[PDB]
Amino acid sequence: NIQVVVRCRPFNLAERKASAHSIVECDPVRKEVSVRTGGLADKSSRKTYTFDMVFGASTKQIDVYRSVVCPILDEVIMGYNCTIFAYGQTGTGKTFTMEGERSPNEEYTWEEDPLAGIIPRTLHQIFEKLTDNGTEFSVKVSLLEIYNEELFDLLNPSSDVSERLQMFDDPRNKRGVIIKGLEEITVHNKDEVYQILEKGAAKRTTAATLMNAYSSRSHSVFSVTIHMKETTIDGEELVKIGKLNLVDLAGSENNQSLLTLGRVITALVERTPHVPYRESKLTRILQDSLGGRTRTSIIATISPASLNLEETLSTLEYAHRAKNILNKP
């Protein structure tokens, strides 16, 4: 049982300028995406899909947060391991969703910013919810990228983003791995968040000038780990450990990690006995927070442009295979 949602972005300047026509109709209430498929030859042809949620070009970042993350974030707190992926063609709002943007000329606080995506929102809520819940807790973040199956550490104290991590099988866990060299930062409070996210962005900006099409060919794994203490009446300590992975996948257009994931998601769906985690860096990193027993969701991002027809259809067929709902009448 994996959750699959779809988010159509609005038109960019390039599209308005080319007088783009839309071919995507999103029905929030019916949980349906509708695609106009016959160009000039057949005006009536439609292909329709159903998801667990459908957000239009209108959907505000917070609506996405509230609908997708909270119920998931709850499970993380109950001490489980969860992943949310953003998926789709380059240019369709994966990075906008997973992490959002800064409104120009410091105009709201980072946490007030209406353009902020899932990552910065999630961090804000983790403290909010746990500072006032009462118990003792710590919060650790990591951020790494995968490019041509090599691993980079965006939060590392090393000034050269190009120093590469390594990955080993975790002996204390048969579903886990150890990322040798991975920096994890203790986030002591709400007020430590931004500077961390800023240093991470600065490194990524550098990564992109060093390697070709770094932005679209790379996977971002942002990871939060929450540690939750409680003592018993006679002094013994019961730890809960929660783990959320926020994953900004490489662009889907037509990459070992990307195809491999697809097959892992299939193997989980139609329940074929061997699921091929080992095959890619990304599915090995992720394995531990996949399999069921832990909530997984997928935000599929599409474009509304006519130009992006095939790409959009392809995204949708991919999402549909991840979870197959029949259409209502």
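Whichever C-alpha set is largest while still superposing within 1.5 Å between the two forms counts as the rigid core. Numbering starts at 1 and runs along the sequence shown.
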{"item": "In 7 other deposited structures of this protein, rigid core aligned: more displaced of 215-223 and 170-178 by C-alpha RMS", "value": "170-178"}
{"item": "Between 269-277 and 26-34, the one whose CA atoms sit farther away in 7 other deposited structures of this protein (rigid core aligned)", "value": "269-277"}
{"item": "Check: residue 235 without coordinates in a third or more of other entries", "value": "yes"}
{"item": "Residue 40 coordinate gap across at least a third of other entries", "value": "yes"}
{"item": "Count class of deposited residues lacking coordinates, residue 254 to residue 255", "value": "10 or more"}
{"item": "230-238 or 154-162, whichever carries the higher mean Cα B-factor", "value": "230-238"}
{"item": "Residue stretch of maximal mean CA temperature factor, 101-109 vs 181-189", "value": "101-109"}
{"item": "Per the PDB entry, maximal CA B factor within 286, 35, 299, 57", "value": "57"}
{"item": "Candidate residues 172, 94, 203, 243, the one whose C-alpha B factor the record puts highest", "value": "172"}
{"item": "Chain-wide C-alpha B factor ranking for residue 69, given as lowest, middle or highest third", "value": "middle"}
{"item": "Residue 219 CA temperature factor, ranked by third within the chain", "value": "lowest"}
{"item": "Among modelled residues of the same chain, the CA temperature factor third for residue 294", "value": "highest"}
{"item": "Residue 168 by Cα B-factor - lowest, middle or highest third of the modelled chain", "value": "middle"}
{"item": "Residue 195, C-alpha B-factor rank within chain (lowest, middle or highest third)", "value": "middle"}
